[PDB]
2 protein chains.
Amino acid sequence: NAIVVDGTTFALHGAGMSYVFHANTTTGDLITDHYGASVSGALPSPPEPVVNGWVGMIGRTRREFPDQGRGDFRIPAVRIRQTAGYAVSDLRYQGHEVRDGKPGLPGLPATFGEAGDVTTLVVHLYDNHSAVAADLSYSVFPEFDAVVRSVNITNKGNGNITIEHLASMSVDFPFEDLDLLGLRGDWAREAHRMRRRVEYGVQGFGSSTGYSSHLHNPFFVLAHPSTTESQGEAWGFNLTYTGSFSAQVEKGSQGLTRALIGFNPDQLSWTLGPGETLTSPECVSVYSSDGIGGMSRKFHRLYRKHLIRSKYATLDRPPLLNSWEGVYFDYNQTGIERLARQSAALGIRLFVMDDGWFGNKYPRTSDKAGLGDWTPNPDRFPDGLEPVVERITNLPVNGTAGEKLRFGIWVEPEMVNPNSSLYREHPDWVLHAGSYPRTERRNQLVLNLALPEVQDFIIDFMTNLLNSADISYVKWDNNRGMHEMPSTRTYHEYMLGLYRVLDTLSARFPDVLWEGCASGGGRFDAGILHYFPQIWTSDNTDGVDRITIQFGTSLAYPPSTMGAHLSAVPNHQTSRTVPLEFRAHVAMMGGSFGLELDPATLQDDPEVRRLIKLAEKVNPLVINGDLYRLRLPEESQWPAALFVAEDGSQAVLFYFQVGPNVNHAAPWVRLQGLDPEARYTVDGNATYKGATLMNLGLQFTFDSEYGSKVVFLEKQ
Amino acid sequence: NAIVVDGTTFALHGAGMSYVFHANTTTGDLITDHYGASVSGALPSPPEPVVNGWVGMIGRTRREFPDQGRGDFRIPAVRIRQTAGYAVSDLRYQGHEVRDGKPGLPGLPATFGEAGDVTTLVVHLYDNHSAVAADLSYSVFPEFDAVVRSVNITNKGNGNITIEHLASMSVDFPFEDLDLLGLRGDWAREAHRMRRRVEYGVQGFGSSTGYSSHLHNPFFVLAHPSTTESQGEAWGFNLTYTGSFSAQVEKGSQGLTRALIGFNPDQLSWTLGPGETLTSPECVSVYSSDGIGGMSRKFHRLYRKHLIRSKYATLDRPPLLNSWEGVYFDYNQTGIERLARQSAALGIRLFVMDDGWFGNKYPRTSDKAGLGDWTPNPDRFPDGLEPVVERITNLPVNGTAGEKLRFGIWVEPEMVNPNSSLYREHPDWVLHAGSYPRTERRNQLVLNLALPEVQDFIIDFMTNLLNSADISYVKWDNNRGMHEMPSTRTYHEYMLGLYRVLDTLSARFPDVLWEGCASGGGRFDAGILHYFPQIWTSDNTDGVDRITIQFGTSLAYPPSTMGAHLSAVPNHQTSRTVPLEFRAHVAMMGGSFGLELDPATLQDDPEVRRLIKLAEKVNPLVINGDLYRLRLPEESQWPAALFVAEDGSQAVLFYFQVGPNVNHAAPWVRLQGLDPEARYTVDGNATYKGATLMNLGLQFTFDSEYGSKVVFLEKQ
């Protein structure tokens, strides 16, 4: 009984969430009644508001699919330029259907589930005067208090129409003070938490790169001002889409707040011919009454159970060594094998050969050539790739007894250098607008994945690459945004093309571990997580800054999803030097731990082998546990996080001291998410009751500029 | 004409400040009218308030010298236990006197000036029921907008009275929003700026250590919430005292705000026999209508001209090398001359021998023995101190053509180790209370400077030490607070003793550079500064923390006063590693630049030598210039300071980037204090108008974790 229909009243009920709206059988419009904690039985209906001035009754109600141009002066969820040239729309309720389970989304990633886990309501709207239909989908995963929404615009007329704006999700909030949380950043500093009070007017963010981007993530939280990581009410929203997007919160004149996410309107002019349909990407919505952190934990469990479809969602990731920051472009066969040998002697189970291996006539010896020609470079691999992959995958891994090293490889399929062979043959494969200059970023242009030719070029050279040697890992990079485009339609057709490609290649190679990447987290979104079980979090590999970046990213996405590598010091992006154990402890909070340096530069082998076994020990709890962000880096210089097994048997605490703490008391870190009346053994020694660890806590002191502790808890 | 008297109205006028109060003919009370920017002529009087409830008229007025116990329930400026046992006091105006110049204070440090720079009004109050006189002094330095206040209480009856509380200055503000600024800290983190809204109730701070302490400085600012370093009204208050203090700011039930500073009342129980007198220390107050930075510049120029009496107040300090961090206790004759030789090799002009040189039967080889025994250790100085100091003062200074190195020494006169000959001889000289444990801090006790025996002991061993070799610099340290006291009287009696000793010694050796110290800034107050031209700012020598520490101290005291040493890395207090040029540039903001490291551990002699020459070049501006804090380290990671010559012909700009600035724009630093129409050549290259440098500014970028720039300006 997760969806309940009485009359025109639709109720979606999770475990501790409820979402209730109804159709007004006088105006035909869908009106929101409640989105929050559980309600049941009869609900109080609001007294009718007195109407004065220009704002009519339509400007005073909470709406679910608001249009503009018939009296509502607030931001709309939809804009349609009709065939006759009006931008008016009057979509009136027509009927509905409830079904158990969740239909797929055509050509797009979506959450999925079976009849027990999820129930779906589709509501049908129709415009009599313009012959346009809109179908609104609502799915409830009741276990996670999640509501997944998406919308369809179908043109049933006889001329064309243009969708000038189409929000995936559109919720109207009652009059109450709200705070908006987002993640903002840029290259080497993605996912910085920002929190601001919602003001009369518009605030929000989006992306115009054509991808979800480093600048803003397609994610935001509305909270009461008093809401913390563990107290109070939060509403999260996540767009399942890798393209441009727009997120907007508007507190209207009357005091109700409108929140909406979907396509970036400015890159959506979607012509619909008679009989065509536009399908928005899904938006996943979570409510929590247990603070922002409760909201995150439901997201994390939902994505790990009903979004990440790869067989690695719950499997542990091998500690890897990536060759980029250790060797950059300057190597050949000889060096790659040197890195692989030192890798397996240290206990690393997977070796990744990053940029620099490909191109022939135009070799990838720098930023400036070879993207597009995806065959090994004979100057560097004279007998091909397969014999080197062969010798690398015969190296035994230290401290393992049995297992041999695995090999992975870097690719950037959507891109081409002008100085390449592919570009010389197919210069029209790239994104461009007529005769305008083809602007480069890092000397490359973007391939037009809206063309089926370009799609099959990528599908084919990756199928051939993965069948040419023993490759069990692919890092799929993407190092610039879209600039000039042959039409506004191409923004979303590129993404439909990329999804066909990612869908084919990941279904075709289910045993490859695929890592997304885009100069780090430039495409860190649920859209990519559907096909890839993990994403390179950031090119910033500095211990101190990775704590801010990993904490912010975990606001929406599960730590299982985050790649994190121990790097060399002084750090190549910050120039900051941080001790080796601090750097490692930070990386162990990523689902996929690894090294990214020349192992020749690290001289304490027993320490490194000791940190790699610790990484393997904590990796199961990071993959499958629940995260409690005990102390945020934004609030203090002692950030801390707690991973609790889903069944409470075990926990691991990461606790850091960032600044020096000169001549001063240290705080107490208090845990949460334990059993108050249970006993827990802390790091094999003392034994405390759950209530003590949660209401008193532990205190750690350091006499150093940087300090860190990884502490294990066993229940009894 | 700085003091205008009209009947019972008293007006104190400065360049842009007026301070106006009057005696109420009917009540005898001194009422404040205005403490702010200039007024003249007739002043508007407040309409009379309506009285309802328990708070009578006395609780609704602005009072100059408030008592309690006659209907004013607000915090009082004085409390006297009369001979009959009452704590009541009705001091009424009897008369006044205006004089040119300014009297000194009996036994206490105080500001000074001759006729043309300062004028003084004394108001006589007298209580006829109890025979108690009180005399309030107001002095105006018109050029600096400074009012200095102090009060004597004289017992003129036939019994004893007790002064249980006596504030040095007390102002009632009208009803208006106020912010309170102070300097808080502890060892190795002195002088952190703090700012808070003033609230209904009490707020403030003080010292219970017997000295002015690292924990709070005897200083505070009242400013409007909108007030910045360069805009708005600010009222500063500074207590010229090295002992315990209390500063309280109370917003009363009616909304007037009472500010008071003076003796700590809990450490003041002063009994006056018939005819006896108590003098409070003076309180300097500065008003500025040009922001908190304008108030500091007036404090800085007033202290340099009218407080710091040493001949070094406006003399350049020689670059010095201190042995403490390079060698600690472990050395003898041979290592001291090594350090001196190497120091002269770098261009260092003054070599200071720090702790560890003294002691005989209980040698000072560590923290645990020898304080009290101020003869040179024969195990470390077999032929005495004079032969070594002779060879040291013969070393020529490199790049100086002629000058010979000077020698300095460290002493801690007010302290004794139980393991010392002094203590076995005179065990009763230490501060103690009967048979209570003599609790130690850093293995030492405090000598009771209230006893003339102790004073004459300190004068004698310092005079014999300074006459026994060619010593031109003394570092007077003091490494613990007071604990047990033979009586409450002793808190102030100690200070009167300490000041007699500092007066005697500092006038007996006017050509020694005296530098105060107390575990860094434990006695960084106007009291010491009267006798010593510079003070060791903090034991923390980390370059990043000294920015905060030095900017903070500069809120009250001039940069010519602050000692700063370039240290080695990793830092001994923080463990931080910071680049040498950064470290060096931070230390050039203090008046006495120095080195505190073993010269053999230097990565670059040529770069050190070039940095010492740069210190000698910036020093005249730091000693005599006006400080403009352009950007505060509490507000961004780009702190900046500007020293402008009094005549505006030259300026030095210090600019810092503290953390890394990864992939992000940098701010503009905008100057101030220049002539908008003059032209100024920047670092011998470009030439810009003053308005351009002030309204647009300069921009600096960095590819590193830590950046710094020292940029010189010359009028044309």
Side-chain angles (χ1 to χ4, degrees), chain A residues 2-3 12-17 19 35 97-123 135-152 167-171 212 217-221 235-243 245 261-263 279-288 295-314 495-496 498-499 502-503 506-507 514 516 523-535 554-558 560-561 624:
Chain A
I3 299 204
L12 312 100
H13 299 308
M17 175 276 307
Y19 188 118
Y35 184 20
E97 261 84 52
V98 177
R99 297 263 315 277
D100 306 314
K102 204 173 167 295
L105 225 40
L108 300 155
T111 58
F112 52 83
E114 294 317 292
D117 304 335
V118 64
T119 311
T120 292
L121 165 72
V122 171
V123 169
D135 297 11
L136 278 73
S137 269
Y138 302 72
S139 319
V140 201
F141 299 75
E143 189 182 326
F144 314 99
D145 286 351
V147 170
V148 183
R149 281 182 62 186
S150 47
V151 68
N152 271 32
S168 294
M169 177 136 197
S170 211
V171 315
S212 59
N217 198 272
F219 174 81
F220 72 87
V221 180
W235 294 264
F237 302 85
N238 197 21
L239 192 65
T240 308
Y241 188 55
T242 314
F245 75 89
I261 199 182
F263 300 115
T279 298
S280 80
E282 100 189 317
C283 174
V284 176
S285 199
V286 163
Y287 168 81
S288 178
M295 180 216 68
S296 279
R297 282 189 298 282
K298 299 181 225 194
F299 269 109
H300 298 164
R301 197 51 77 192
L302 186 68
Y303 290 163
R304 271 176 301 183
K305 274 177 90 264
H306 299 283
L307 181 81
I308 308 148
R309 87 195 186 186
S310 147
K311 83 165 167 82
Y312 280 89
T314 281
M495 284 311 314
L496 291 173
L498 179 69
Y499 285 140
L502 296 182
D503 192 6
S506 71
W514 300 84
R523 302 206 284 203
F524 205 130
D525 48 74
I528 288 277
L529 292 165
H530 192 245
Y531 312 101
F532 294 175
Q534 72 183 49
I535 293 178
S554 96
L555 196 46
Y557 307 110
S560 71
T561 283
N624 287 290

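Order of the sequence lines sets the chain letters (A, B, ...), proteins ahead of strands, with each chain counted from 1. Atom set for the values below is all heavy atoms of this structure, side chains included, hydrogens, waters and symmetry mates excluded.
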Engineer: Pick one: which of A:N238, A:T111, A:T561 meets side chain to side chain donor-acceptor pair (under 3.5 Å) with A:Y303?
Structural biologist: A:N238
Engineer: From A:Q534 CD over to A:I308 CD1, what is the distance, rounded to the nearest 0.5 angstrom?
Structural biologist: 10.5 Å
Engineer: Partners of A:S285 by side chain to side chain donor-acceptor pair (under 3.5 Å), sequence neighbours excluded?
Structural biologist: A:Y35
Engineer: Less than 4.5 Å apart, any side-chain heavy atom of A:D503 and any of A:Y531?
Structural biologist: yes
Engineer: Fit a plane to each ring of A:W235 and A:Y287, take the angle between them on a 0 to 90° scale, and name the class: parallel (under 30°), tilted (30 to 60°) or perpendicular (over 60°).
Structural biologist: tilted
Engineer: Would you check if A:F237 and A:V221 make a side-chain contact, meaning some heavy-atom pair closer than 4.5 Å?
Structural biologist: no
Engineer: Please enumerate all residues that pass side chain to side chain donor-acceptor pair (under 3.5 Å) together with A:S296, with sequence neighbours excluded.
Structural biologist: A:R629
Engineer: Indicate the atoms forming the closest heavy-atom contact of A:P142 with A:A2, along with that distance.
Structural biologist: CG-CB, 3.5 Å
Engineer: Is any side-chain heavy atom of A:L307 less than 4.5 Å from a side-chain heavy atom of A:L302?
Structural biologist: no
Engineer: Should A:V148 and A:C283 count as side-chain neighbours, where that means a heavy-atom distance under 4.5 Å?
Structural biologist: no
Engineer: When rounded to the nearest 0.5 angstrom, what distance separates CG in A:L121 from CD in A:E97?
Structural biologist: 9.5 Å
Engineer: Identify the heavy atoms of A:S168 and A:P281 that sit nearest to each other, and give their distance.
Structural biologist: OG-O, 2.6 Å
Engineer: Hey, does A:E282 have a side-chain heavy atom less than 4.5 Å from the side chain of A:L105?
Structural biologist: yes
Engineer: Check whether any side-chain heavy atom of A:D525 lies under 4.5 Å from a side-chain heavy atom of A:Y557, and answer yes or no.
Structural biologist: yes
Engineer: Are A:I535 and A:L529 close enough that some pair of their side-chain heavy atoms sits under 4.5 Å apart?
Structural biologist: yes
Engineer: Look up atom CZ in A:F144 and atom CE in A:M295, then write down how far apart they are to the nearest 0.5 Å.
Structural biologist: 15.0 Å
Engineer: Do any N or O atoms from the side chain of A:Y499 and from the backbone of A:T242 form a donor-acceptor pair under 3.5 angstrom?
Structural biologist: yes
Engineer: What is the distance from atom CG of A:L239 to atom CZ of A:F220, rounded to the nearest 0.5 Å?
Structural biologist: 10.0 Å
Engineer: Pair A:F263, A:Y241 - check ring pair (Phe, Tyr, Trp, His ring centres under 6.0 Å), show working.
Structural biologist: CA-CA 9 Å; A:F263 300 115; A:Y241 188 55; 5.7 Å; yes
Engineer: Is it the case that the side chain of A:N217 and the backbone of A:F524 share a donor-acceptor pair, with hydrogens and angles ignored and the cut-off at 3.5 Å?
Structural biologist: yes
Engineer: Do A:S150 and A:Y138 get their side chains close enough for a donor-acceptor pair, meaning under 3.5 Å?
Structural biologist: no
Engineer: Looking only at heavy atoms, what is the nearest atom pair of A:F112 and A:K305, with distance?
Structural biologist: CE1-O, 4.1 Å
Engineer: Verify, without hydrogens or angle tests, whether A:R309 (side chain) and A:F532 (backbone) share a donor-acceptor contact under 3.5 angstrom.
Structural biologist: no
Engineer: Heavy atoms, side chains only, cut-off 4.5 Å: are A:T119 and A:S139 in contact?
Structural biologist: no
Engineer: Which of parallel (below 30°), tilted (30 to 60°) and perpendicular (above 60°) describes A:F141 and A:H306?
Structural biologist: tilted
Engineer: Run the side-chain hydrogen bond (donor to acceptor under 3.5 Å, both in side chains) check on A:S170 and A:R149 step by step: do they pass?
Structural biologist: CA-CA 9 Å; A:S170 211; A:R149 281 182 62 186; 5.4 Å; no
Engineer: Which is it for A:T279 and A:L108 under the side-chain contact (heavy atoms from CB on, under 4.5 Å) test, yes or no, and what are the steps along the way?
Structural biologist: CA-CA 9 Å; A:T279 298; A:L108 300 155; 4.0 Å; yes
Engineer: Locate the shortest heavy-atom distance separating A:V140 from A:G14; write the atom from each residue and the value.
Structural biologist: CG1-N, 4.2 Å
Engineer: Would you say A:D135's side chain and A:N152's backbone share a donor-acceptor pair under 3.5 angstrom?
Structural biologist: no
Engineer: Just by distance, no angles: are the side chains of A:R297 and A:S288 close enough, under 3.5 Å, to form a donor-acceptor pair?
Structural biologist: no
Engineer: Determine the minimum heavy-atom distance between A:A167 and A:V151, stating which atoms define it.
Structural biologist: O-CG1, 3.6 Å
Engineer: Identify the two heavy atoms, one from A:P109 and one from A:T240, that lie closest to each other, and give their separation to 0.1 Å.
Structural biologist: O-CG2, 3.8 Å
